[PDB]
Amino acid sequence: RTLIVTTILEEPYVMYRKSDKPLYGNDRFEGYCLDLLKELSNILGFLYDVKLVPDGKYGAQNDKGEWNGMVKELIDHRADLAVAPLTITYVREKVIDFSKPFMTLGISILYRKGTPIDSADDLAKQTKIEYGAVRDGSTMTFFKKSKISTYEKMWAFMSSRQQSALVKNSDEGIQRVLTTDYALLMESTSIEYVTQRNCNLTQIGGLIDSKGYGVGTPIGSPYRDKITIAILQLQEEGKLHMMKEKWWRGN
C-alpha cells in the first residue's frame, strides 16, 4: 500500500521547491511537513504519494454535516494520512482520528517591540491600539464562541467595530501591524515565523488557548497509533526541535 497523503500549501510546512530541476512526485515539495513525512515513512516503513488537497482547505463543516478540505479527503478514503498543520479539535475527532500532536501552540499577539503592552488584558481595556484577526479563520472562530470575560470584550471590539479590525489574510494582517498601530491575533506558530523574519515585531504575552497539530487519518486507521509512537520518538531524540529550527529560524 503506497499511502496517499493529503496536505495543503502553507509556509513553511509545505511549499513548491524553488527549482526548475526535473523534480517529480513528492520531490516537487519541501517544508516542515515534508521533512516530518519523510521521518515518519522511515520509522514506520511506508511508501507515500503527496497530493495537495484539491479545494485548498483545511476542513470545516456546513449546515448539512458535509465536510470539505483535507478532512473530507480522509472521510472519503481518498487519502490515508493528512500531514499538515491541521488542528486536533472536538468536531473533527467526530469524523476522523488524529495522532498525538507533533506541534503544540495557541492563539497569541503579534505587535511592535518597545510597548507597555504585555497581554490580551492590556489590549482589551484600551481603545488607542486597534486589534483583530483574519476573517472566518480559527482565531476569529475562537473569539466568537468564547465565554471568558476578557475575550468576550475583545470580540466586541472585533465584531461591532468590524471595519478597522478584521483582515482578509495573514499577509494583510502583518502589513497592518507594521504600517499602522495594530495588533494581530493569530496562531503562535505563525507569529514565531514572522518575528524570526521581522526584527521590529514581537510576540505579546503567552498563549490565549491551547491546541496541537496532529496527523489526520480515517477513523480506525491502523497507522494512527504508529504515527503517535514515531512522533514521540522524534520529539524525544530532539528531531522535532531541529526540524522546527530548520524552517523557523531567520537571519
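Heads up, when I say rigid core I mean the largest set of C-alphas that superpose within 1.5 Å between the two forms. Quick note: we count residues from 1 along the sequence shown, nothing fancier.
In a rigid core superposition of the other structures in 9 other deposited structures of this protein, 139 to 147 and 68 to 76 differ in how far their CA atoms stray, and the farther one is 139 to 147. In 9 other deposited structures of this protein, superposed on the rigid core, the segment with the larger root-mean-square CA displacement between 204 to 212 and 53 to 61 is 204 to 212. The stretch 211 to 219 shows the higher mean C-alpha B-factor when 50 to 58 is compared against 211 to 219 in the entry. Annotation for 228 to 236 versus 7 to 15: the higher mean temperature factor (C-alpha) is found in 228 to 236. Of the candidates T104, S99, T139, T89, it is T139 whose Cα B-factor is highest according to the PDB record.
Between the residues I174, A79, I109, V95, the entry's highest C-alpha temperature factor is the one at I174. Among the modelled residues of its chain, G132 has a C-alpha B-factor that falls in the highest third according to the deposited record. Looking at the C-alpha B-factors along this chain, the one for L44 belongs to the lowest third. Per the PDB record, residue ranking by Cα B-factor puts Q203 in the highest third of the chain. Among the modelled residues of its chain, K113 has a C-alpha B-factor that falls in the middle third, as given in the PDB entry.
Among the modelled residues of the chain, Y193 sits in the middle third by CA temperature factor in this PDB entry.
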